[PDB]
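Asker: A single structure is presented below for examination.
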Amino acid sequence: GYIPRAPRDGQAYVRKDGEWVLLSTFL
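The sequence shown begins at 1 in the deposited numbering and counts up by one.
Structure (C-alpha coordinates):
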(Lines of atoms letter the chains of each structure in order from A; the text may use other names.)
(Lines give C-alpha, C1' and ligand atoms only; values in the text may rest on other atoms or scores of the structure.)
Protein backbone atom coordinates (compact mmCIF):
# COMPACT_ATOMS: atom_id res chain seq x y z
CA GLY A 1 0.00 0.00 0.00
CA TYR A 2 0.92 3.68 -0.26
CA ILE A 3 2.41 5.47 2.75
CA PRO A 4 0.28 8.55 3.64
CA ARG A 5 1.62 11.87 4.94
CA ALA A 6 3.24 11.50 8.36
CA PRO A 7 2.28 14.36 10.74
CA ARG A 8 5.21 13.51 13.03
CA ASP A 9 5.30 17.12 14.03
CA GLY A 10 4.00 16.53 17.53
CA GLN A 11 2.94 12.93 17.10
CA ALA A 12 5.63 10.28 17.23
CA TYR A 13 4.31 7.92 14.59
CA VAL A 14 5.71 4.41 14.72
CA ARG A 15 6.08 2.43 11.53
CA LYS A 16 3.39 -0.10 10.74
CA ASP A 17 2.19 -1.61 7.47
CA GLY A 18 1.22 1.48 5.62
CA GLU A 19 0.04 2.89 8.94
CA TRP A 20 1.14 5.84 11.03
CA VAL A 21 0.49 5.63 14.72
CA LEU A 22 1.24 7.84 17.68
CA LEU A 23 3.31 5.90 20.19
CA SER A 24 4.08 8.47 22.90
CA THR A 25 0.64 7.87 24.27
CA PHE A 26 1.66 4.28 25.07
CA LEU A 27 4.64 5.21 27.22
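Each residue gets a CB set at the ideal place from its N, CA and C atoms; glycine is no exception.
Helix, strand or coil for residue 15, going by three-state DSSP, please let me know.
Answerer: Residue mapping note: residue 15 aligns to position 15 of the sequence shown, counting from 1. Strand, per DSSP.
Asker: Kindly indicate which three-state DSSP category residue 22 falls into: helix, strand or coil?
Answerer: To locate residue 22, count along the sequence shown from 1; it is residue 22. DSSP places residue 22 in strand when its eight states are reduced to three.
Asker: Comparing alpha-carbon positions, which option in 20, 25 and 24 lies nearest residue 2?
Answerer: Start at 1 with the first residue of the sequence shown, and residue 2 comes out as number 2. Selected option, being the one with the closest Cα: 20.
Asker: Can you give me the C-alpha to C-alpha distance between residue 15 and residue 25, rounded to a whole angstrom?
Answerer: Start at 1 with the first residue of the sequence shown, and residue 15 comes out as number 15. Start at 1 with the first residue of the sequence shown, and residue 25 comes out as number 25. Distance between the alpha carbons of residue 15 and residue 25 is about 15 Å.
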